[PDB]
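All remarks here apply to the structure that follows.
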Amino acid sequence: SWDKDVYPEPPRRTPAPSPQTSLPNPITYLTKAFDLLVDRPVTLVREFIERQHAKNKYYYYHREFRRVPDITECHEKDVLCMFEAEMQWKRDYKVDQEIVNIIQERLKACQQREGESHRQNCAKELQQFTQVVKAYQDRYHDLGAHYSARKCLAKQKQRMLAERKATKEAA
Amino acid sequence: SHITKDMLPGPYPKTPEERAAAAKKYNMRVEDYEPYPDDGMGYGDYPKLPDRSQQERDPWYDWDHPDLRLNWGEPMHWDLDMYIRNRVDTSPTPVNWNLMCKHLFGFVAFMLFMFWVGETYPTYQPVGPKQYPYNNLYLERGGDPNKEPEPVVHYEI
Amino acid sequence: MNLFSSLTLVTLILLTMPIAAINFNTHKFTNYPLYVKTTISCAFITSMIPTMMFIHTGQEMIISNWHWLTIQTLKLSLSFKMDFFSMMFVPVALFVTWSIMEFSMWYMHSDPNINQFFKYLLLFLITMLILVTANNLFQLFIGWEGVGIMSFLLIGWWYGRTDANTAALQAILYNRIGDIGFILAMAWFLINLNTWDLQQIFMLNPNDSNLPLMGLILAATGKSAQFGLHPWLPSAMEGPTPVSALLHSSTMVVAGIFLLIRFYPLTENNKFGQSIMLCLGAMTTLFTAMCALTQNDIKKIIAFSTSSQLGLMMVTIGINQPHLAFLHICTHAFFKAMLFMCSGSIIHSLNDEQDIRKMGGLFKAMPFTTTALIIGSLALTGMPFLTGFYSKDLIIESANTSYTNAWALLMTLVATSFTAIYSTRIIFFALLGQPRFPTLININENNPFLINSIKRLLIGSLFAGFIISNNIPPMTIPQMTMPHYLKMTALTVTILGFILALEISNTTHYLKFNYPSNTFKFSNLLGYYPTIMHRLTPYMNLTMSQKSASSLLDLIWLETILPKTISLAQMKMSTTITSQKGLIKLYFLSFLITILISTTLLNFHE
Amino acid sequence: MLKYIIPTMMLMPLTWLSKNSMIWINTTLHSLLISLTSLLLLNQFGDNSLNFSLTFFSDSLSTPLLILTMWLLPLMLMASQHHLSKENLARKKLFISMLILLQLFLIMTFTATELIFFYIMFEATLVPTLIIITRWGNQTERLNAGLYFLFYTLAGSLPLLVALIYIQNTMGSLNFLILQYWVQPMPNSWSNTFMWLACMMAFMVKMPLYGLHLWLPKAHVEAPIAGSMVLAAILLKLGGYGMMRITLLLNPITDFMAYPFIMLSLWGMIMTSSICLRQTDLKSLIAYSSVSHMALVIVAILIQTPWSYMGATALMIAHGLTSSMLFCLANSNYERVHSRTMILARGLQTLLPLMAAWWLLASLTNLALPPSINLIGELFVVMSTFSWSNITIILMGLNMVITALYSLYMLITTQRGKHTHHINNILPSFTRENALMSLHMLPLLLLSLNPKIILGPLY
Amino acid sequence: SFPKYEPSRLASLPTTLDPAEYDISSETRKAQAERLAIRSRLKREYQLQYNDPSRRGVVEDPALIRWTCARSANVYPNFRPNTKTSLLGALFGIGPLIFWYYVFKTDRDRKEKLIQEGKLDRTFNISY
Amino acid sequence: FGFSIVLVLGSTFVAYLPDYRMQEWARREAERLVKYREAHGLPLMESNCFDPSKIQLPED
Amino acid sequence: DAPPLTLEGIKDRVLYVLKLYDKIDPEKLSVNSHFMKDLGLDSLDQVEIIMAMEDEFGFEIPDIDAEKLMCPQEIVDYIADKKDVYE
Amino acid sequence: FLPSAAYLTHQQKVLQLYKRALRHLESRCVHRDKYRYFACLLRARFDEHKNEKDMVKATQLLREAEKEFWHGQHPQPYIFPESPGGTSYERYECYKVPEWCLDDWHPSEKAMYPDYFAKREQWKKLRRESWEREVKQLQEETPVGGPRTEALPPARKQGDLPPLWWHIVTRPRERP
């Protein structure tokens with residue numbers, strides 16, 4: 001299962017076909033025969049395998065880590081601060097990429113479920129996608145291959161100094 | 001094994017002994033042995049052949065090598081890897097070569113020019129644009145939920 | 001629906017047993033053709049159901065699972081999508097290939113290599129299915145290169161025959177130019193939309209799109225025998241008959257225009273793009289129609305005809321009408337599968353001689369095949385109104401009711417006239433002439449598999465166009481309001497083509513021994529394009545391979561710059577240092593001049 | 001890691017104190033046991049490398065290459081009989097122990113920590129290959145082959161030592177983390193240009209780049225099969241591994257100074273794919289194919305994208321397997337006829353009707369058939385270089401077309417159309433060569449299913 | 001009645017309209033007789049060393065060996081650096097290299113200056 | 001000892017093993033973090049990953 | 001596509017198409033007859049006969065042979081060599 | 001380019017022209033009746049000056065005939081589907097296996113087909129039994145120090161097989 005809060009679904013909508021025919025309805029006959037001749041033994045086998053696995057219990061824990069402080073609280077060369085700082089930053093980098101993956105999966109689900117009216121009821125999700133990708137483009141993009149943490153902080157300082165000069169000139 | 005003097009150093013000169021040795025070596029007619037000549041492009045002293053030779057050699061001779069027209073002892077023209085049938089077929093053409101290229105270039109040039117004459121001059125059956133119901137079908141294009149209404153209407157005609 | 005996804009995935013998985021079966025068997029099954037035929041029939045009967053469910057309600061759904069290398073901000077799973085094209089094309093292709101399984105049971109009765117043949121043909125079907133279903137575009141590229149290389153193997157089935165593997169080399173080369181176009185399209189989609197997946201491409205419509213559109217154009221004109229890159233098509237007809245039938249009936253021939261159909265939201269706008277579409281298609285259609293006249297090999301004629309119909313579909317994509325082009329795919333598929341199968345029936349009936357000269361009169365040599373070919377070749381141009389009517393004539397009238405390019409309309413005009421005249425000429429020269437074919441006749445069609453296959457495809461090509469064209473969801477607004485002398489013009493052009501080929505026939509009855517007037521030669525001799533390109537482009541690259549590349553630049557100059565300078569320098573310096581004869585006065589004079597030249601000239605003590 | 005080092009030592013006196021018809025089972029069995037032993041390695045996770053000592057460690061670039069080496073040894077050892085089984089027993093033992101010492105210095109080289117140790121084990125990787133190819137070079141110019149070989153690799157790799165000692169005594173020690181965690185940018189003075197030029201040019205020699213690719217073809221046409229597989233797969237991808245490590249330093253000037261090498265690599269990739277379309281000596285076509293793939297590798301290394309490095313390491317591993325396999329098939333054909341030429345041995349669709357299946361499978365992997373790893377590598381490198389420039393895709397696609405054509409010409413030239421019917425000595429296919437093909441093309445397809453292992457550090 | 005069939009480097013000249021086959025001197029008869037004699041002796045040697053029932057190996061043609069040794073190993077000897085060789089070497093070896101080099105300098109300077117302006121479409125350009 | 005103990009055992013050993021480069025750990029961690037940042041109103045993926053209070057721009 | 005040929009059948013078919021030819025007689029039409037001595041026809045119509053065999057049976061014969069058939073028995077022998085006529 | 005002599009002759013050159021023009025007239029002309037008319041017309045056109053005692057005017061008319069032929073040929077001359085260039089060109093070469101094979105089989109299948117392999121073994125003993133003496137003596141016996149021909153004499157001496165016959169007899173059957 002999953003968290004439906006973080007994976008939202010639109011409310012379900014289903015009509016009922018009303019013939020207004022007299023052939024009648026071969027596919028209903030076929031889907032009833034399909035359910036009776038396919039869905040029953042797989043259900044019984046799944047019941048069997050569920051008992052055989054629920055006879056004893058395992059667990060896998062979600063791994064959780066602490067928060068070692070920052071690169072900004074590390075000294076000149078002094079590796080024993082920088083090591084914790086950069087592995088903390090790199091784990092934030094991987095989880096941030098997977099956040100972007102989750103937003104894009106939401107965007108694909110909104111494209112498929114909303115149908116051929118594209119620009120209806122995806123515009124808020126498109127809005128938050130452009131917001132988060134503006135953040136990602138501004139923050140992690142143009143550093144290249146050998147990012148460690150230091151080029152990220154250099155980009156940070158250079159960006160906010162450029163914006164400070166821009167608002168100083170605009171004022 | 002293989003004789004050391006069945007290799008091939010140096011070009012044609014001088015004419016008696018070297019051409020006699022190449023006639024004894026490459027198994028050719030004496031005054032049909034042709035080096036390239038020596039412009040220093042490498043090439044050794046290997047013969048020049050009539051250079052097409054493979055849509056030639058009409059296939060009812062019943063030689064040895066059935067898909068190469070070999071006869072086990074021909075001096076084997078330098079560019080043979082470009083001349084196996086399935087690579088380059090130099091048939092005597094049914095028309096020409098110049099006539100071919102001139103008519104092909106003329107036809108393709110004329111058709112592309114008529115395409116340009118089409119591109120500047122469209123057809124249309126005489127009909128105005130469609131009467132989209134809600135402001136050129138607004139709110140269902142790219143977005144804009146409450147930014148700007150774009151008022152444009154249609155009148156019954 | 002669980003039924004919908006379940007039946008589609010088992011239509012996939014039914015084409016997985018026999019390959020692994022005879023890879024695991026080692027005991028040679030006698031009933032292997034029967035087995036492959038009945039599993040294709042079971043795939044057909046499982047594929048008929050969810051398409052009927054699709055037209056019954058809709059419920060238009062994608063499947064996506066088993067993600068591998070979900071590396072960066074993208075991901076890619078094996079995923080394919082049931083919308084309309086990948087939804088209800090698959091029964092047509094399975095039906096066509098099932099009839100070809102019948103016809104290849106019979107036609108390949110006399111080879112022990114039949115099992116590998118059916119393995120290759122079923123593998124080609126699997127890859128064509130994985131091509132036409134996917135929305136994850138990497139899987140599309142998988143299906144692309146797989147159907148290319150299965151086309152290579154099935155053209156080069158008969159080893160020996162240097163013309164055959166020459167031809168297969170041409171086919172795989174134009175497949176790779178399709179590959180460079182497709183990977184340029186994939187490059188632009190990745191670097192400007194963070195994925196290569198159909199759904200997000202449709203979600204965000206970019207403004208500047210000329211580079212991926214040119215990539216898609218290059219992919220289509222490489223894949224589907226279009227002008228500039230067309231002449232691999234008689235090349236593709238070099239191979240065996242059911243290979244050729246499946247190769248250019250539905251599978252591997254529509255895959256070039258299948259992509260441009262699939263990207264219809266991207267090719268909505270960019271009128272420059274649609275102009276490129278329909279101008280290129282008009283060029284293909286006129287050139288292959290003009291080349292199709294004065295040809296005497298049957299398979300080259302049927303291949304030029306299918307290139308002309310594909311050019312009509314390129315024009316159909318040039319106008320914003322993709323769904324009529326898909327209608328044309330289905331009708332065309334039934335149509336020329338039945339036509340190739342009738343042709344191969346005639347050819348193997350008459351000792352594999354295949355040429356129209358030395359075939360002349362074969363009407364009433366049993367008229368099942370003559371009836372079959374006149375059904376097919378009058379379904380060409382659409383005798384009003386049959387399955388062939390709908391696609392071709394609604395396409396040309398909708399093109400006439402469109403903001404067209406004013407020259408492509410005349411190209412479709414002349415192309416419809418040309419396809420009429422070679423259709424009527426091939427019927428006359430094939431069937432109702434005077435019988436010119438060598439003696440000891442061995443004509444036989446009292447044959448259950450052949451009458452089943454030809455029966456099944458005439459029953460298909462008589463009804464399926466109307467049945468499919470009736471129950472489409474209306475995906476466009478039909479025009480239906482034409483002026484006078486613009487709806488009549490279809491039947492006008494086809495009737496004048498019939499009359500024109502009739503009068504050419506009744507001049508062929510005469511005796512004059514006329515002369516070539518070089519338009520005869522331009523029509524007959526492929527005009528000049530395969531000869532010029534296939535004799536100039538191999539010679540140029542291999543002239544540059546021998547002189548410049550191999551013998552000149554790398555070997556002799558790179559060996560005379562990096563080794564030889566060093567080796568000559570070391571050799572000359574050795575032979576001037578250590579080549580000193582053994583006297584003592586030399587050594588002490590060298591000592592003295594060294595002491596003086598170290599003390600006072602280049603000083604060491606100051 | 002010493003758990004892998006010391007049985008590779010103890011596989012050497014095994015070969016000495018085994019006797020006739022007794023060395024073989026011992027060497028092959030125990031080398032396959034070491035293959036399982038390093039299949040146990042793959043633990044590497046998340047944050048960093050894994051340190052197998054104060055001296056050894058493994059990046060995730062190094063794990064698939066190390067597993068590839070210990071996979072490739074027993075395959076190679078079975079491959080190198082029937083052309084020396086009739087030679088002497090002591091010379092055969094010397095050959096096997098030479099290969100074992102060779103693998104030992106390869107493991108030494110891949111599991112390096114310090115770049116000086118890496119350099120010592122680099123030329124210790126060099127010295128057994130020399131002795132193998134010169135002692136069993138089997139043709140009249142093995143002299144010139146070994147001479148060109150050793151002088152190119154040393155005289156290119158000679159100033160690399162000087163540059164690394166200079167980096168050693170200007171920036172502290174040379175652990176890869178302390179090469180990292182402390183590296184500062186170095187501006188565009190010309191001494192920086194020569195230092196970058198020295199390191200990158202030594203590994204350019206070892207890839208090869210295009211201006212120094214005639215190092216290669218003599219050293220493969222006049223080599224035995226074991227030294228050829230060693231040389232091609234492990235030495236060229238070892239050079240790529242070395243540049244992939246040492247490109248961490250000197251990033252602020254590689255943009256300004258990397259322009260000629262990219263263009264040399266691109267135009268030489270086109271020229272090399274052109275030059276292997278028309279040559280005879282079928283063994284050499286795989287060598288120029290290797291130059292083409294390594295030119296694509298060098299494009300991928302000098303552009304510095306994580307996309308580029310993932311595509312680079314996938315292209316490394318897939319091309320290593322493809323080239324080693326295809327060398328083994330060319331050795332099979334040379335065992336059939338004593339020619340080495342291309343146009344002579346023809347036919348063979350009739351005869352040996354399943355050798356052609358392996359030729360087809362190798363030719364389609366060299367085509368980069370799309371589920372395989374080679375297309376994964378080439379595709380991500382093309383993606384990264386198109387983000388590098390909007391123009392270079394002409395060269396990549398034209399490489400793809402000419403690569404398709406020469407690989408297909410290799411397929412349908414020697415094994416399509418007509419046997420020359422004056423051969424009449426070729427045997428039906430042994431179980432041994434079929435076993436070698438099966439050892440090649442099971443792991444390539446099994447990685448084609450699940451390729452998340454072989455991608456690089458920037459996964 | 002016909003423009004007499006101008007030849008080319010691709011269109012072969014067929015055996016009919018040579019028109020040198022119709023000026024038959026005695027030298028052409030002598031050359032054809034000697035050429036038939038050469039082909040006769042070569043086919044005799046080949047067929048006698050081709051039909052031997054004890055002959056196991058291949059017939060080992062010296063023609064193919066001689067052509068291969070002339071093609072690969074007999075290039076570097078012999079050579080002299082001529083004006084034509086040096087000219088064509090520096091043209092077909094250095095010309096395209098320096099041309100592609102300058103055009104990639106131009107494209108890279110365009111893209112660097114344009115993204116230094118910042119007005120490029122890299123709103124999301126992640127896969128660099 | 002080349003297929004019957006190497007190939008299928010290596011296939012099982014590399015078909016699954018723990019999370020190579022922390023993949024599904026990152027999946028579920030991103031799930032929980034985006035659920036937290038939706039359930040507490042603050043915008044998901046805050047830009048400026050280092051704290052601007054703990055930064056010092058050099059001056060002109 | 002394999003009808004079995006036989007020696008009597010190929011003899012009958014070749015003699016049928018020789019008898020159908022105009023300027024010979026059905027009386028003096030022997031199996032062992034010359035195209036030069038007793039039938040008296042010229043080389044031109046002899047190669048017309050060679051063309052009739054090529055156009056009936058479906059394969060060329062080379063001009064190294066068309067000099068030197070000159071009798072129907074060697075015609076039957078030569079198509080027996082091209083076809084290898086036994087079951 | 002032919003095995004018998006160093007040239008064809010004038011006669012056979014004119015003859016090959018007649019065969020080619022007649023074949024191209026087939027490829028030009030359908031319905032076979034007007035074909036027969038035009039073939040007799042072409043026969044009369046060659047009958048006009050057949051009896052020239054001159055030779056140089058005959059070969060000049062041959063060259064002008066080649067000009068009017070090459071101007072008037074067909075784009076697809078009607079090549080039969082057994083000829084090279086044609087539709088077949090060794091069409092069933094898939095099964096044209098040479099017979100130096102079939103002895104490299106496992107003796108299980110040699111037990112499957114016993115009589116054929118016994119008779120094949122006595123064929124090979126027939127081959128080796130008369131290989132050295134008669135064949136090599138008849139090759140190094142008759143001709144001049146240069147052979148200067150591509151024919152070869154038969155074994156008319158007393159007994160056994162004509163020389164150099166193995167790859168002539170043991171060929172594929174051209175429809176397997």
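Order determines the names: the first chain of the structure tokens is A, the second B, and so forth; residues in each chain are numbered 1 upward, and ligands are numbered 1 upward as they are shown.
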
Margin query: Using only C-alpha atoms and a cut-off of 10 Å, which residues of chain E sit close to chain B? Please list them as number ranges by chain.
Written below: E: 3-15, 31, 34-35, 38-39, 42-43, 45-47, 59-86

Write out, as an mmCIF file, in the first residue's frame, the residues just selected, with C-alpha atoms.
```cif
data_model
loop_
_atom_site.group_PDB
_atom_site.id
_atom_site.type_symbol
_atom_site.label_atom_id
_atom_site.label_comp_id
_atom_site.auth_asym_id
_atom_site.auth_seq_id
_atom_site.Cartn_x
_atom_site.Cartn_y
_atom_site.Cartn_z
ATOM 1 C CA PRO E 3 25.228 9.722 -79.534
ATOM 2 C CA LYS E 4 27.849 6.916 -79.521
ATOM 3 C CA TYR E 5 27.755 6.156 -75.765
ATOM 4 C CA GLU E 6 30.103 8.451 -73.899
ATOM 5 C CA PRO E 7 31.741 6.423 -71.102
ATOM 6 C CA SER E 8 32.415 7.224 -67.450
ATOM 7 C CA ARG E 9 34.293 5.951 -64.426
ATOM 8 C CA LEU E 10 31.114 4.114 -63.390
ATOM 9 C CA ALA E 11 29.410 3.123 -66.644
ATOM 10 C CA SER E 12 31.506 0.288 -68.036
ATOM 11 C CA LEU E 13 32.177 0.116 -71.753
ATOM 12 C CA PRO E 14 30.437 -3.038 -73.049
ATOM 13 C CA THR E 15 32.043 -5.635 -75.280
ATOM 14 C CA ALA E 31 48.066 -11.687 -77.472
ATOM 15 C CA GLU E 34 49.259 -16.252 -75.356
ATOM 16 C CA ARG E 35 46.601 -15.188 -72.844
ATOM 17 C CA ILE E 38 48.602 -18.607 -69.635
ATOM 18 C CA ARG E 39 45.064 -19.385 -68.466
ATOM 19 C CA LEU E 42 47.305 -21.998 -64.603
ATOM 20 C CA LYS E 43 44.128 -24.074 -64.743
ATOM 21 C CA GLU E 45 48.427 -26.594 -62.308
ATOM 22 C CA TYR E 46 45.387 -25.730 -60.197
ATOM 23 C CA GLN E 47 43.314 -28.717 -61.295
ATOM 24 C CA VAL E 59 45.462 -25.109 -52.258
ATOM 25 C CA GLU E 60 47.382 -22.038 -50.932
ATOM 26 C CA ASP E 61 47.150 -19.566 -53.811
ATOM 27 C CA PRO E 62 50.259 -17.355 -54.133
ATOM 28 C CA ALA E 63 48.129 -14.746 -55.923
ATOM 29 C CA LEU E 64 46.081 -13.873 -52.838
ATOM 30 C CA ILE E 65 49.187 -13.962 -50.621
ATOM 31 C CA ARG E 66 51.062 -11.728 -53.053
ATOM 32 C CA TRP E 67 48.176 -9.258 -53.267
ATOM 33 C CA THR E 68 47.817 -9.078 -49.481
ATOM 34 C CA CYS E 69 51.556 -8.575 -48.935
ATOM 35 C CA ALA E 70 51.502 -5.876 -51.604
ATOM 36 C CA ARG E 71 48.454 -4.255 -50.042
ATOM 37 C CA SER E 72 49.468 -3.984 -46.384
ATOM 38 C CA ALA E 73 53.141 -4.669 -45.718
ATOM 39 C CA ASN E 74 54.570 -3.267 -48.971
ATOM 40 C CA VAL E 75 53.318 0.297 -48.598
ATOM 41 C CA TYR E 76 55.766 1.905 -46.187
ATOM 42 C CA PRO E 77 58.512 0.565 -48.340
ATOM 43 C CA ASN E 78 58.510 2.034 -50.853
ATOM 44 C CA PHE E 79 57.935 5.765 -50.497
ATOM 45 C CA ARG E 80 59.440 9.175 -51.063
ATOM 46 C CA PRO E 81 57.828 12.392 -49.822
ATOM 47 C CA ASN E 82 56.668 14.089 -52.995
ATOM 48 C CA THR E 83 54.810 17.337 -53.537
ATOM 49 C CA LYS E 84 51.633 15.411 -54.361
ATOM 50 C CA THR E 85 51.941 13.092 -51.348
ATOM 51 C CA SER E 86 52.733 15.857 -48.843
#
```

Item checked: Exercise: residue 196 in chain C partners within 10 Å, only C-alpha atoms, chain neighbours under 4 positions left out, as a VMD selection string -> chain C and resid 74 to 76 135 to 138 185 to 192 200 to 201

Notebook entry, point to check: Got a sec to pull out which chain B residues are within 12 Å of chain G, counting only C-alpha atoms, and send them as a list in words?
Noted result: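 For chain B, the answer reads residues 58, 59, 60, 61 and 62 of chain B.
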
Next item on the list: Mind listing the helix (DSSP H, G or I) residues of chain E, per DSSP on the backbone, as a PyMOL selection string?
Entry: chain E and resi 26-48+62-71+83-117

Next item on the list: Pick out the chain D residues within 8 Å of chain C. Count only C-alpha atoms. Give them as a PyMOL selection string.
Entry: chain D and resi 211+214+271+274-275+277-278+349+369-371+382-383+386-387+393+397-398+400-401+404-405+412+416-418+450-452+459

Margin query: At a cut-off of 12 Å, which residues of chain D touch chain H? Count only C-alpha atoms and give the answer as JSON, numbers by chain.
Written below: {"D": [347, 348, 349, 350, 351, 352, 416, 417, 418, 419, 420, 421, 422, 423, 424, 425, 426, 427, 428, 429]}

Checklist line | Close residues, residue 37 in chain C itself excluded, 8 Å, only C-alpha atoms, min 4 positions apart in chain, as a ChimeraX atom specification | finding: /C:33,41,98,101-102

Taking N, CA, C and O atoms for each residue, export the selection above as a PDB file, in the first residue's frame.
```pdb
ATOM      1  N   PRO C  33       4.316 -26.041 -37.346  1.00  0.00           N
ATOM      2  CA  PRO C  33       3.497 -25.020 -38.020  1.00  0.00           C
ATOM      3  C   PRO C  33       2.077 -24.932 -37.505  1.00  0.00           C
ATOM      4  O   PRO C  33       1.548 -23.821 -37.348  1.00  0.00           O
ATOM      5  N   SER C  41      -3.813 -17.811 -33.655  1.00  0.00           N
ATOM      6  CA  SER C  41      -5.273 -17.737 -33.641  1.00  0.00           C
ATOM      7  C   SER C  41      -5.812 -17.489 -32.236  1.00  0.00           C
ATOM      8  O   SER C  41      -6.803 -16.761 -32.062  1.00  0.00           O
ATOM      9  N   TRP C  98      -1.757 -14.365 -39.276  1.00  0.00           N
ATOM     10  CA  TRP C  98      -2.336 -15.698 -39.180  1.00  0.00           C
ATOM     11  C   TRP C  98      -2.605 -16.287 -40.559  1.00  0.00           C
ATOM     12  O   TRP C  98      -2.294 -17.465 -40.827  1.00  0.00           O
ATOM     13  N   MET C 101       0.641 -17.247 -41.922  1.00  0.00           N
ATOM     14  CA  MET C 101       1.056 -18.533 -41.364  1.00  0.00           C
ATOM     15  C   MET C 101       0.480 -19.687 -42.163  1.00  0.00           C
ATOM     16  O   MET C 101       1.172 -20.676 -42.415  1.00  0.00           O
ATOM     17  N   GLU C 102      -0.789 -19.570 -42.567  1.00  0.00           N
ATOM     18  CA  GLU C 102      -1.376 -20.566 -43.473  1.00  0.00           C
ATOM     19  C   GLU C 102      -0.613 -20.638 -44.798  1.00  0.00           C
ATOM     20  O   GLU C 102      -0.198 -21.724 -45.253  1.00  0.00           O
TER      21      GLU C 102
END
```

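With only C-alpha atoms as the atoms that count, the residue of A:138, A:169, A:86, A:98 with the shortest distance to chain D is A:86.
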
Residues of chain H within 7 Å of chain G: nearest atom pair and distance (Å, one decimal) for each, counting only C-alpha atoms, sorted by chain and number, as a tab-separated table?
```
residue	atom	partner	partner_atom	distance
H:80	CA	G:59	CA	6.1
H:82	CA	G:59	CA	5.5
H:83	CA	G:59	CA	6.3
H:173	CA	G:84	CA	6.7
```

Just write the chosen residues, N, CA, C and O atoms, as a compact mmCIF listing (two decimals), in the first residue's frame.
```
# COMPACT_ATOMS: atom_id res chain seq x y z
N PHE H 80 15.92 -15.15 -68.13
CA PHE H 80 15.16 -16.27 -67.62
C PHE H 80 15.40 -16.44 -66.12
O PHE H 80 16.48 -16.10 -65.62
N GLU H 82 16.52 -18.66 -64.33
CA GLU H 82 17.57 -19.59 -63.95
C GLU H 82 18.95 -19.02 -64.22
O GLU H 82 19.94 -19.58 -63.74
N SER H 83 19.04 -17.93 -64.94
CA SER H 83 20.27 -17.31 -65.41
C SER H 83 20.83 -16.38 -64.35
O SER H 83 20.09 -15.89 -63.49
N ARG H 173 22.87 -31.09 -56.83
CA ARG H 173 21.93 -31.52 -57.86
C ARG H 173 21.05 -30.40 -58.39
O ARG H 173 20.10 -30.69 -59.12
```
